[PDB]
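Colleague: Okay, handing you the structure first.
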Amino acid sequence: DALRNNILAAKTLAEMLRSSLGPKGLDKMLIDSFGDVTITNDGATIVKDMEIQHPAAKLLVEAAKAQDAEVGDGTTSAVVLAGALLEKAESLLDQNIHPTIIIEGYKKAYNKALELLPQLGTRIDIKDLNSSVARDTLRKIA
Amino acid sequence: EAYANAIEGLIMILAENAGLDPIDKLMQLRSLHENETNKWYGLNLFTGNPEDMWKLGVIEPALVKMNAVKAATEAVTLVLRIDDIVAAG
Amino acid sequence: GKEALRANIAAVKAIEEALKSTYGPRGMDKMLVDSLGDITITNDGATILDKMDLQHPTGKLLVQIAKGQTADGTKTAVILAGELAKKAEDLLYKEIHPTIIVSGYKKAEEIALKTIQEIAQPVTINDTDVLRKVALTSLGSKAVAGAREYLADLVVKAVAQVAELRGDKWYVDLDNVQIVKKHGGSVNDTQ
Amino acid sequence: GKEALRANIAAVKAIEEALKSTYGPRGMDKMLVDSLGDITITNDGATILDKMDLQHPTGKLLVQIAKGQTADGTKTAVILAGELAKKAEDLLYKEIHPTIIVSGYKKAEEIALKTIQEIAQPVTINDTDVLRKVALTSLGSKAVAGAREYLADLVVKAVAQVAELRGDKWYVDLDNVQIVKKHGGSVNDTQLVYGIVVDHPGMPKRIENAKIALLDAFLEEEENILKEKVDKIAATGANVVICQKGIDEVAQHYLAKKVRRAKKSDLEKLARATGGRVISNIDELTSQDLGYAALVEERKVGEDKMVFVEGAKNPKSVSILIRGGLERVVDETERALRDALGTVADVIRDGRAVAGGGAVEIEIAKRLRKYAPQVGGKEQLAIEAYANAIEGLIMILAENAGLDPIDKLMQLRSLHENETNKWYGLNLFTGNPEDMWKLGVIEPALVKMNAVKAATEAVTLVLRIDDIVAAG
Amino acid sequence: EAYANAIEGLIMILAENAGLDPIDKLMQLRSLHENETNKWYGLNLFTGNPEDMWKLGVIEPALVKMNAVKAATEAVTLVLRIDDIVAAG
Amino acid sequence: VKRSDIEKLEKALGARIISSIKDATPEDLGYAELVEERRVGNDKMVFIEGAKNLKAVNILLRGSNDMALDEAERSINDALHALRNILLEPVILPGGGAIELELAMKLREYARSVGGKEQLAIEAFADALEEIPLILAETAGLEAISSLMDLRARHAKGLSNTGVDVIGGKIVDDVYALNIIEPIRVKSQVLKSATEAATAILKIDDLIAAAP
Ligand SMILES: Nc1ncnc2c1ncn2[C@@H]1O[C@H](COP(=O)(O)OP(=O)(O)O)[C@@H](O)[C@H]1O
């Protein structure tokens, strides 16, 4: 029940950044309590500057901040995902499945996915710019 | 289309503030502006009837109109782009 | 988060309603009331938006936007934005994602600016009748006590001085215009 | 005065419920909330009981009891006491006088300790696999970010140093273990140091054969006094100088021409390791109070400066640097490592170990049921109830793993009819019963014994007290 | 897929009424029915474990099962097809 | 030139700001591989090339307006950061939610070979990943449902590169062709931190009142 509340806290937080995802990510308006404002669809900025309420949500914020710290690009993508995991977990709780089981399941799934990431990854050619292979790649990513 | 209507809203309100029937005058002007040669015709509020607004010295800077459109568009898009409001620090 | 959006739209609609009736060359006046009890009766929209008791963030924002780049035109921008907001609402009820409405409005904006650019009648500093007309345009409905064709003269005479041509465009340094006021007689004593 | 007793039992049951779900190698975490708004998420039971907002006298008492003699085991004691309290309640409803229940429980305690003493498998400091297993035992469920088989290494390596044999038993002076922490990377960056570690251009750095000054302690006049104080210290031949109180930067300049630390818990172990002693007033300072450190130095933690006292005289010296990301991680790492150190230390000092998974428990229950009919009527029931209360631990342990309690209890009970399955316990990840010894689920007998002992003591105390009175 | 799950619901409830853990037994049977040679395996409620239900004499008429499926489908579709309830005369 | 400019120059150039030429010496003499008065938008400028410690490459950013200026700077910055992220780990992933779907398929396949309640936990991990394609498309105003099933169809029966072009607002059979690319270094970390988060949330039993 308290677990479900935490889940709802993190979930409700994730619900907001659901819309700020990807290119068409909708804006979020941050009110700097000093009597100022800044708007953005950026996960980092939002999660950082926002003054979060619930502890669980604060922990999710913490996770996101770590996620940003390690690398800049993906931050919201993590939060939305976390929210999705919890939302899918609360459906298994209704199946009367103890949290620890779900946790282990998620761990295994994570490890397997982590293993599968490179398996499904397309390695590139970085052997010089003489060839222009790198340029085409760099052009695509650009 | 909605944008166009929203623009016509200005003519309507302009008619309202003069104590005239909005829709009728809108329709009148719309009917008049089917002719290439009535591209200046607007609403004479004192007279009450549509008239060529250029001869009556009802002239305004294009830049003002453009800027108004621009800023209004920007404002509304900003309103629509924002999904939620958050307190920060 | 529709609940947060509708409030914004409501704010915009509120400010529209605030400045609505002031619009036009027969625009009614609004009576501003300070908490002190003092008051300010005015038609000008900018002034209203300045002295107005702003409530919503989106509101203060909208005001901040309508006043950006030319005092007038704010009226138009505000009311237009209000209309667009209302019609957007009408479109939203039809379950249309905002990013579509935005794009549409942007296209419409482009076509609109094309339209104005197309229609526009080129004018010069020499066509003083135009300058007079444009002056008199905004002056209508101001409830100024006469001398419109004289104040317009002063304007036409004023802008003429503050103008020098380096190249294609005269550099009208508007900031060189001092403005003071005193009581006595009428606006025919303006000079 | 049943009305006063029931409240005590309720308090004990409340604390049980507080620490219940934290139990086991799949124990969930509790979120502690300070009135400030700050929070502390943790599995460790002692920490909870520390930071917990204690209400009842009997509660604070119970906590005071469960923490007495080794950080872990508290969990077991508390929950056990809770079960015993509940079963005692069940017995009380049957109109049985407390002094009977107490006696019964005492007998049961004796038989239990006999049982543990009997089952126990003798071990030595050489059986390092056991030490590793015991370390890893408590480390499970800590939510520590990996390196369990490495942290366990550090533990095994740590306890090894702090150990010297005067006679039959090695004197593992656990208090010589310094513990600090910093952020950055992960717990793979955790690392031991033989000497103690402590978190201006100043005095020289690499001091070989260093003498260490350990000291807990109009403007012009004050300057003269302070300089006098510094010179006094300088006149004793002190290489490196340590303090606790704030030092005027002028004295830092002085000494630089000849740190203020923060905690005395470090200065303590510094005094322990260096062989020197702390002085309250520098007026009494001599040259013998200076500690010997063969190769003192300083090093940079990725984000901070840090002090190292390497080459400390005493053989039994050791410190560990903890590393990680978030606070919860490094904290849980600290507490977990403390638990590990405790368990392993007790294994070494005692020299006996048993299997977890509730093997010892169902064994004890199995024994008690046999011994129960051999005594009187009303005591027999108390003893039986004691056994059940013990089985409660296995059941709760099953609960915390997302398993059906009763089924697994019955399974283990059925299995423990064979002399040759006295180690069989509950594999929580697998879900099925298995020999807990091969799986490295090993714990110190002394811990189990102590848990039983303290729980018994607590519950008897709860039952002995008839009413609560305000005094002066 | 939902239909399939709804069918599995029967096994689950059947497990419930026997004092067994539904999901575990469902998963067990699901795992067992990966083999062509266990197409008869079902849930022994007294034993508690999965077993070949044919040898244990747990046999039923195919027609009954078919009819049950048929009627249930018909019922639910009827429930879903009806949009509103009206009083007539 | 400005003091702030010359101070920067001397350290690279290995030279020293001479206070007085009478006391000067070749010790203060710097060096560069090439120097050239080059035309830059009808504005002649002195270019210095490959001198001593090259350190950073200098961009002259010619902005006709502060907006386009900051915009160009921003663009270059983002591009650089992203390219850095992909370059650190030279493996690209099909963006637009494709890799998530692929993983979901593989994770269901993997979930099948695990039993017990964990088969449902893993399958529930897959169902979460698929929320990214769902949400990501939804932002483009596409139906959150039909898009996902269309994707599943195209995916299970086709290339793993099937994804969602949000810009164009359409489902793409191969997102690499539309130049939708995601670094692995980011993805794995996202996965990690997300898992850690959801885990840490699920692991907490309840709240307890404490004392500071
Ligand atoms: N790997 C394991 N398998 C089965 N039971 C275990 C395992 N590790 C610990 N236990 C059980 O957990 C209990 C102690 O749990 P707890 O006190 O919550 O954690 P800690 O041992 O860290 O203090 C013991 O009774 C023991 O039987």
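Here, A, B, ... name the chains of the structure tokens in the order displayed, residue numbers run from 1 inside each chain, and ligands are numbered from 1 in the same displayed order.
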Could you please extract the residues within 9 Å of ligand 1, counting only C-alpha atoms and all ligand atoms, and hand them back as a compact mmCIF listing (two decimals) with N, CA, C and O atoms, in the first residue's frame?
Modeller:
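File produced: out23.txt:
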# COMPACT_ATOMS: atom_id res chain seq x y z
N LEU D 19 10.42 -4.22 11.90
CA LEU D 19 11.59 -4.88 11.31
C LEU D 19 11.29 -6.17 10.54
O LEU D 19 12.21 -6.78 10.00
N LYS D 20 10.04 -6.60 10.49
CA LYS D 20 9.72 -7.91 9.93
C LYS D 20 10.20 -8.08 8.50
O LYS D 20 11.00 -8.96 8.22
N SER D 21 9.73 -7.23 7.60
CA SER D 21 9.97 -7.44 6.17
C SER D 21 11.41 -7.19 5.75
O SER D 21 11.80 -7.52 4.64
N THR D 22 12.21 -6.60 6.64
CA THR D 22 13.62 -6.38 6.34
C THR D 22 14.42 -7.67 6.43
O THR D 22 15.55 -7.74 5.95
N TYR D 23 13.83 -8.69 7.05
CA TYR D 23 14.53 -9.94 7.35
C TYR D 23 14.85 -10.75 6.11
O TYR D 23 14.15 -10.68 5.10
N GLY D 24 15.93 -11.52 6.18
CA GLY D 24 16.28 -12.45 5.13
C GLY D 24 17.22 -11.87 4.09
O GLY D 24 17.54 -10.68 4.13
N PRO D 25 17.68 -12.72 3.16
CA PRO D 25 18.55 -12.34 2.04
C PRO D 25 17.74 -11.86 0.84
O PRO D 25 18.24 -11.85 -0.28
N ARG D 26 16.50 -11.47 1.09
CA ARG D 26 15.68 -10.79 0.09
C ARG D 26 14.85 -9.72 0.78
O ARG D 26 13.81 -9.29 0.29
N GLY D 27 15.35 -9.29 1.93
CA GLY D 27 14.65 -8.35 2.78
C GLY D 27 14.44 -7.02 2.10
O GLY D 27 15.38 -6.41 1.59
N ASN D 43 18.02 -1.26 4.60
CA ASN D 43 17.63 -2.62 4.94
C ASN D 43 18.08 -2.99 6.34
O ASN D 43 17.34 -3.64 7.07
N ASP D 44 19.28 -2.56 6.70
CA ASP D 44 19.87 -2.88 8.00
C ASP D 44 18.93 -2.54 9.14
O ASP D 44 18.39 -1.44 9.20
N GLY D 45 18.74 -3.48 10.05
CA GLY D 45 17.75 -3.33 11.11
C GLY D 45 18.23 -2.43 12.23
O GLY D 45 17.46 -1.63 12.76
N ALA D 71 26.78 -6.15 14.63
CA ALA D 71 25.69 -5.26 14.24
C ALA D 71 24.43 -6.03 13.89
O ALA D 71 23.35 -5.73 14.38
N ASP D 72 24.57 -7.03 13.03
CA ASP D 72 23.44 -7.86 12.63
C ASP D 72 23.14 -8.89 13.70
O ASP D 72 23.92 -9.06 14.65
N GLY D 73 22.03 -9.59 13.54
CA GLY D 73 21.53 -10.49 14.56
C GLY D 73 20.43 -9.80 15.34
O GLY D 73 19.51 -10.44 15.86
N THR D 74 20.52 -8.48 15.41
CA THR D 74 19.48 -7.65 16.00
C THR D 74 18.14 -7.96 15.34
O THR D 74 17.15 -8.20 16.02
N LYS D 75 18.15 -7.97 14.01
CA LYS D 75 16.99 -8.36 13.22
C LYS D 75 16.32 -9.60 13.81
O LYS D 75 15.14 -9.58 14.21
N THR D 76 17.12 -10.66 13.92
CA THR D 76 16.65 -11.96 14.37
C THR D 76 16.09 -11.86 15.76
O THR D 76 15.00 -12.35 16.03
N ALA D 77 16.84 -11.22 16.65
CA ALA D 77 16.43 -11.11 18.03
C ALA D 77 15.08 -10.43 18.13
O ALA D 77 14.16 -10.94 18.77
N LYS D 133 31.94 -17.18 2.72
CA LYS D 133 30.52 -17.50 2.73
C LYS D 133 29.77 -16.70 3.78
O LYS D 133 28.74 -16.08 3.50
N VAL D 134 30.30 -16.69 5.00
CA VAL D 134 29.70 -15.96 6.11
C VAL D 134 29.63 -14.48 5.79
O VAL D 134 28.64 -13.81 6.08
N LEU D 136 29.56 -13.18 2.71
CA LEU D 136 28.58 -13.05 1.65
C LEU D 136 27.16 -13.25 2.16
O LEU D 136 26.21 -12.70 1.59
N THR D 137 27.01 -14.03 3.22
CA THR D 137 25.69 -14.30 3.78
C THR D 137 24.93 -13.01 4.10
O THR D 137 23.86 -12.77 3.55
N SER D 138 25.50 -12.20 4.98
CA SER D 138 24.86 -10.95 5.38
C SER D 138 24.83 -9.94 4.24
O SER D 138 23.95 -9.09 4.19
N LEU D 139 25.80 -10.03 3.34
CA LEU D 139 25.90 -9.08 2.24
C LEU D 139 24.74 -9.21 1.26
O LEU D 139 24.35 -8.23 0.62
N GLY D 140 24.19 -10.41 1.13
CA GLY D 140 23.02 -10.60 0.28
C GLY D 140 21.88 -9.73 0.77
O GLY D 140 21.69 -9.58 1.97
N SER D 141 21.14 -9.16 -0.18
CA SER D 141 19.95 -8.33 0.10
C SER D 141 20.28 -6.91 0.53
O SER D 141 19.39 -6.12 0.83
N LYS D 142 21.57 -6.59 0.57
CA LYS D 142 22.01 -5.27 0.99
C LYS D 142 21.79 -4.21 -0.09
O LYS D 142 21.90 -3.02 0.18
N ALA D 336 26.58 -2.62 5.65
CA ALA D 336 26.75 -4.00 5.23
C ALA D 336 28.13 -4.51 5.60
O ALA D 336 28.28 -5.60 6.15
N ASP D 339 28.37 -5.16 9.22
CA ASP D 339 27.73 -6.44 9.49
C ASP D 339 28.66 -7.60 9.17
O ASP D 339 28.86 -8.51 9.99
N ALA D 340 29.24 -7.58 7.97
CA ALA D 340 30.17 -8.61 7.54
C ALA D 340 31.32 -8.76 8.53
O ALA D 340 31.59 -9.85 9.02
N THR D 343 30.07 -10.41 11.78
CA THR D 343 29.82 -11.84 11.64
C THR D 343 31.13 -12.61 11.56
O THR D 343 31.37 -13.53 12.34
N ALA D 355 24.35 -23.41 9.44
CA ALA D 355 23.72 -23.10 8.17
C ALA D 355 22.53 -22.20 8.38
O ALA D 355 21.75 -22.38 9.32
N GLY D 356 22.38 -21.22 7.50
CA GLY D 356 21.22 -20.34 7.53
C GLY D 356 20.02 -21.02 6.91
O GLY D 356 19.91 -22.24 6.94
N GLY D 357 19.13 -20.23 6.33
CA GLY D 357 17.93 -20.76 5.70
C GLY D 357 16.93 -21.30 6.70
O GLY D 357 15.90 -21.85 6.32
N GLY D 358 17.23 -21.16 7.99
CA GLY D 358 16.34 -21.62 9.03
C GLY D 358 16.52 -23.08 9.39
O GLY D 358 15.63 -23.69 9.97
N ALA D 359 17.67 -23.64 9.04
CA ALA D 359 17.96 -25.02 9.37
C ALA D 359 18.05 -25.18 10.89
O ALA D 359 17.34 -25.99 11.49
N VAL D 360 18.91 -24.37 11.49
CA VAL D 360 19.08 -24.39 12.93
C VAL D 360 17.75 -24.21 13.64
O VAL D 360 17.50 -24.83 14.67
N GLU D 361 16.89 -23.38 13.07
CA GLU D 361 15.60 -23.07 13.66
C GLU D 361 14.72 -24.30 13.71
O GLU D 361 14.24 -24.69 14.78
N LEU D 393 10.10 -17.58 12.31
CA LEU D 393 11.20 -16.94 11.60
C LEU D 393 11.36 -17.52 10.20
O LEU D 393 11.53 -16.79 9.23
N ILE D 394 11.32 -18.84 10.09
CA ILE D 394 11.38 -19.50 8.80
C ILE D 394 10.21 -19.05 7.95
O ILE D 394 10.37 -18.72 6.78
N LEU D 397 10.71 -15.54 6.82
CA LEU D 397 11.78 -15.62 5.85
C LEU D 397 11.23 -16.08 4.50
O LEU D 397 11.62 -15.57 3.46
N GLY D 425 17.97 -26.03 4.39
CA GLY D 425 17.21 -24.81 4.61
C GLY D 425 16.51 -24.39 3.34
O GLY D 425 16.38 -25.18 2.41
N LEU D 426 16.07 -23.15 3.31
CA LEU D 426 15.22 -22.66 2.23
C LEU D 426 16.00 -21.81 1.24
O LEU D 426 16.50 -20.75 1.58
N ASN D 427 16.12 -22.30 0.01
CA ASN D 427 16.69 -21.50 -1.08
C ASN D 427 15.63 -20.56 -1.62
O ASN D 427 14.70 -20.98 -2.31
N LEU D 428 15.77 -19.27 -1.32
CA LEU D 428 14.71 -18.30 -1.59
C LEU D 428 14.62 -17.94 -3.06
O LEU D 428 13.53 -17.67 -3.57
N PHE D 429 15.75 -17.91 -3.74
CA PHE D 429 15.77 -17.59 -5.15
C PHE D 429 15.24 -18.78 -5.94
O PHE D 429 14.40 -18.63 -6.83
N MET D 436 21.84 -25.94 2.86
CA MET D 436 22.30 -24.56 2.89
C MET D 436 23.81 -24.44 3.09
O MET D 436 24.37 -23.36 2.94
N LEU D 439 25.68 -24.21 -0.38
CA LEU D 439 25.38 -22.96 -1.06
C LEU D 439 26.04 -21.76 -0.38
O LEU D 439 25.81 -20.62 -0.76
N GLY D 440 26.85 -22.03 0.64
CA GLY D 440 27.58 -20.97 1.32
C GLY D 440 26.69 -20.08 2.16
O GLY D 440 27.03 -18.93 2.42
N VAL D 441 25.54 -20.61 2.58
CA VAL D 441 24.68 -19.91 3.51
C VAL D 441 25.08 -20.32 4.92
O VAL D 441 24.45 -21.17 5.54
N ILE D 442 26.15 -19.70 5.41
CA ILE D 442 26.72 -20.04 6.70
C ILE D 442 26.75 -18.81 7.60
O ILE D 442 27.00 -17.70 7.14
N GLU D 443 26.49 -19.02 8.89
CA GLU D 443 26.46 -17.93 9.86
C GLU D 443 27.12 -18.36 11.17
O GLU D 443 27.25 -19.55 11.44
N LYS D 448 23.54 -16.67 16.38
CA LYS D 448 22.27 -17.33 16.60
C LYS D 448 22.00 -17.45 18.10
O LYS D 448 20.93 -17.06 18.59
Colleague: So which residues touch residue 44 (chain C) within 12 Å, counting only C-alpha atoms, skipping near sequence neighbours fewer than 3 positions away, as a PyMOL selection string?
Modeller: chain C and resi 18-32+40-41+47-52+71-76+138-144
Colleague: Restricted to N, CA and C atoms, what would the selected residues look like written as a short mmCIF file (atom, residue, chain, number, x, y, z; two decimals), in the first residue's frame?
Modeller:
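See selection_4.cif below for the written result:
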data_model
loop_
_atom_site.label_atom_id
_atom_site.label_comp_id
_atom_site.auth_asym_id
_atom_site.auth_seq_id
_atom_site.Cartn_x
_atom_site.Cartn_y
_atom_site.Cartn_z
N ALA C 18 -10.32 41.12 -21.38
CA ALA C 18 -9.88 42.36 -20.77
C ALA C 18 -9.70 43.45 -21.82
N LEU C 19 -8.95 43.15 -22.87
CA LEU C 19 -8.68 44.17 -23.90
C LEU C 19 -9.66 44.20 -25.07
N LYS C 20 -10.66 43.32 -25.07
CA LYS C 20 -11.53 43.19 -26.24
C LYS C 20 -12.21 44.49 -26.62
N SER C 21 -13.00 45.05 -25.71
CA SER C 21 -13.85 46.19 -26.05
C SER C 21 -13.09 47.48 -26.30
N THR C 22 -11.81 47.50 -25.96
CA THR C 22 -10.98 48.68 -26.21
C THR C 22 -10.62 48.80 -27.69
N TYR C 23 -10.80 47.72 -28.43
CA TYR C 23 -10.36 47.63 -29.82
C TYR C 23 -11.15 48.53 -30.75
N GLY C 24 -10.50 48.98 -31.82
CA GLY C 24 -11.17 49.73 -32.86
C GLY C 24 -11.11 51.22 -32.66
N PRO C 25 -11.61 51.98 -33.66
CA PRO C 25 -11.70 53.44 -33.64
C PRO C 25 -13.00 53.91 -32.98
N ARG C 26 -13.61 53.03 -32.20
CA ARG C 26 -14.74 53.40 -31.35
C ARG C 26 -14.62 52.64 -30.04
N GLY C 27 -13.39 52.24 -29.73
CA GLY C 27 -13.12 51.42 -28.57
C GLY C 27 -13.46 52.11 -27.28
N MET C 28 -14.24 51.43 -26.46
CA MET C 28 -14.63 51.95 -25.16
C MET C 28 -13.42 52.03 -24.24
N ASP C 29 -13.58 52.75 -23.13
CA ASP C 29 -12.49 52.94 -22.19
C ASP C 29 -12.65 51.99 -21.02
N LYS C 30 -11.52 51.63 -20.41
CA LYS C 30 -11.50 50.82 -19.20
C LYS C 30 -11.06 51.66 -18.02
N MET C 31 -11.64 51.37 -16.86
CA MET C 31 -11.32 52.08 -15.63
C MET C 31 -10.45 51.21 -14.74
N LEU C 32 -9.18 51.57 -14.63
CA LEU C 32 -8.24 50.84 -13.80
C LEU C 32 -8.32 51.34 -12.37
N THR C 40 -7.33 54.97 -13.01
CA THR C 40 -6.80 55.39 -14.30
C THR C 40 -7.72 54.95 -15.43
N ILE C 41 -8.41 55.91 -16.04
CA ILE C 41 -9.34 55.64 -17.13
C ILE C 41 -8.61 55.73 -18.47
N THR C 47 -1.12 50.44 -21.92
CA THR C 47 -1.25 51.05 -20.60
C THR C 47 -2.04 50.15 -19.68
N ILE C 48 -3.16 49.64 -20.17
CA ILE C 48 -3.98 48.72 -19.40
C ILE C 48 -3.11 47.55 -18.98
N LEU C 49 -2.57 46.83 -19.96
CA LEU C 49 -1.72 45.68 -19.68
C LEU C 49 -0.58 46.00 -18.71
N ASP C 50 -0.11 47.24 -18.73
CA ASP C 50 0.90 47.67 -17.76
C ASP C 50 0.31 47.76 -16.36
N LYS C 51 -0.67 48.64 -16.19
CA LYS C 51 -1.25 48.89 -14.88
C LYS C 51 -2.17 47.75 -14.42
N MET C 52 -2.51 46.85 -15.33
CA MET C 52 -3.45 45.77 -15.03
C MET C 52 -2.90 44.83 -13.96
N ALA C 71 3.94 51.22 -29.78
CA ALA C 71 3.10 51.02 -28.60
C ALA C 71 1.82 50.27 -28.95
N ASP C 72 1.13 50.73 -29.98
CA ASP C 72 -0.10 50.08 -30.43
C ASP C 72 0.23 48.85 -31.26
N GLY C 73 -0.80 48.07 -31.57
CA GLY C 73 -0.62 46.78 -32.22
C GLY C 73 -0.72 45.69 -31.17
N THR C 74 -0.34 46.03 -29.95
CA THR C 74 -0.50 45.15 -28.80
C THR C 74 -1.94 44.69 -28.70
N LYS C 75 -2.85 45.64 -28.78
CA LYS C 75 -4.29 45.38 -28.81
C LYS C 75 -4.59 44.20 -29.75
N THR C 76 -4.17 44.37 -31.00
CA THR C 76 -4.44 43.42 -32.06
C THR C 76 -3.85 42.07 -31.72
N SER C 138 -4.81 55.82 -35.57
CA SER C 138 -4.73 55.44 -34.17
C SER C 138 -5.33 56.50 -33.26
N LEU C 139 -5.30 57.75 -33.70
CA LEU C 139 -5.80 58.86 -32.89
C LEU C 139 -7.31 58.78 -32.68
N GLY C 140 -8.02 58.22 -33.65
CA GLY C 140 -9.45 58.03 -33.50
C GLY C 140 -9.74 57.17 -32.29
N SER C 141 -10.80 57.52 -31.55
CA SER C 141 -11.27 56.76 -30.39
C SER C 141 -10.46 57.03 -29.12
N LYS C 142 -9.47 57.91 -29.23
CA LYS C 142 -8.61 58.22 -28.09
C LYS C 142 -9.30 59.13 -27.08
N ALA C 143 -10.43 59.70 -27.48
CA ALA C 143 -11.17 60.65 -26.65
C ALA C 143 -10.35 61.91 -26.40
N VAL C 144 -9.33 62.13 -27.24
CA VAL C 144 -8.57 63.37 -27.20
C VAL C 144 -9.49 64.53 -27.58
#
Colleague: Select from chain D every residue with an atom at most 8 Å from any atom of chain F, then for each give the shortest pair of atoms and their distance in Å to one decimal, using only C-alpha atoms, rows by chain and rising number, as a Markdown table.
Modeller:
| residue | atom | partner | partner_atom | distance |
| --- | --- | --- | --- | --- |
| D:21 | CA | F:205 | CA | 7.4 |
| D:28 | CA | F:203 | CA | 5.4 |
| D:29 | CA | F:204 | CA | 4.6 |
| D:30 | CA | F:204 | CA | 5.7 |
| D:31 | CA | F:207 | CA | 4.7 |
| D:32 | CA | F:208 | CA | 4.8 |
| D:33 | CA | F:210 | CA | 5.0 |
| D:34 | CA | F:210 | CA | 4.7 |
| D:35 | CA | F:211 | CA | 6.5 |
| D:36 | CA | F:212 | CA | 7.0 |
| D:38 | CA | F:212 | CA | 8.0 |
| D:41 | CA | F:204 | CA | 7.9 |
| D:51 | CA | F:210 | CA | 5.4 |
| D:52 | CA | F:210 | CA | 4.5 |
| D:53 | CA | F:210 | CA | 4.5 |
Colleague: Those same residues - C-alpha atoms - I'd like them written as a short mmCIF file (atom, residue, chain, number, x, y, z; two decimals), in the first residue's frame.
Modeller:
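And here is the file that came out, selection-v8.cif:
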data_model
loop_
_atom_site.label_atom_id
_atom_site.label_comp_id
_atom_site.auth_asym_id
_atom_site.auth_seq_id
_atom_site.Cartn_x
_atom_site.Cartn_y
_atom_site.Cartn_z
CA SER D 21 9.97 -7.44 6.17
CA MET D 28 12.85 -5.28 1.52
CA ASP D 29 14.02 -1.79 2.43
CA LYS D 30 12.40 0.69 4.79
CA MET D 31 12.20 4.43 4.18
CA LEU D 32 12.96 6.46 7.29
CA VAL D 33 11.50 9.97 7.36
CA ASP D 34 12.98 12.67 9.58
CA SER D 35 10.66 15.43 10.82
CA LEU D 36 12.88 17.80 8.85
CA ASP D 38 15.07 14.38 5.05
CA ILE D 41 16.35 4.30 2.90
CA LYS D 51 16.92 6.33 13.47
CA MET D 52 13.43 4.96 14.20
CA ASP D 53 10.95 7.14 16.09
#
Colleague: Find the residue from E:60, E:16, E:24, E:83 that sits nearest to chain D; use only C-alpha atoms when measuring.
Modeller: E:24
Colleague: I need the residues of chain E that end up classed as strand (DSSP E) by DSSP on the backbone, written out as a list in words.
Modeller: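 Strand (DSSP E) members of chain E, listed: residues 41, 42, 43, 50, 51 and 52 of chain E.
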Colleague: Please produce a file of those selected residues containing N, CA, C and O atoms, as a PDB file, in the first residue's frame.
Modeller:
ATOM      1  N   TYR E  41      -1.763 -33.186 -20.254  1.00  0.00           N
ATOM      2  CA  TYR E  41      -1.395 -32.791 -18.902  1.00  0.00           C
ATOM      3  C   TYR E  41      -2.271 -31.678 -18.356  1.00  0.00           C
ATOM      4  O   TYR E  41      -2.469 -30.653 -19.001  1.00  0.00           O
ATOM      5  N   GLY E  42      -2.792 -31.902 -17.158  1.00  0.00           N
ATOM      6  CA  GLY E  42      -3.606 -30.923 -16.472  1.00  0.00           C
ATOM      7  C   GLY E  42      -3.235 -30.874 -15.007  1.00  0.00           C
ATOM      8  O   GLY E  42      -2.187 -31.375 -14.608  1.00  0.00           O
ATOM      9  N   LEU E  43      -4.110 -30.285 -14.205  1.00  0.00           N
ATOM     10  CA  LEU E  43      -3.810 -30.006 -12.813  1.00  0.00           C
ATOM     11  C   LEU E  43      -4.483 -31.003 -11.881  1.00  0.00           C
ATOM     12  O   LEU E  43      -5.704 -31.053 -11.803  1.00  0.00           O
ATOM     13  N   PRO E  50       0.936 -30.868 -11.424  1.00  0.00           N
ATOM     14  CA  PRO E  50       0.482 -31.217 -12.774  1.00  0.00           C
ATOM     15  C   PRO E  50       0.666 -32.691 -13.105  1.00  0.00           C
ATOM     16  O   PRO E  50       1.687 -33.268 -12.743  1.00  0.00           O
ATOM     17  N   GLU E  51      -0.305 -33.285 -13.792  1.00  0.00           N
ATOM     18  CA  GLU E  51      -0.229 -34.692 -14.173  1.00  0.00           C
ATOM     19  C   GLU E  51      -1.042 -34.960 -15.431  1.00  0.00           C
ATOM     20  O   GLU E  51      -1.945 -34.196 -15.765  1.00  0.00           O
ATOM     21  N   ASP E  52      -0.717 -36.042 -16.129  1.00  0.00           N
ATOM     22  CA  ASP E  52      -1.490 -36.445 -17.296  1.00  0.00           C
ATOM     23  C   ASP E  52      -2.912 -36.785 -16.885  1.00  0.00           C
ATOM     24  O   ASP E  52      -3.156 -37.800 -16.242  1.00  0.00           O
TER      25      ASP E  52
END
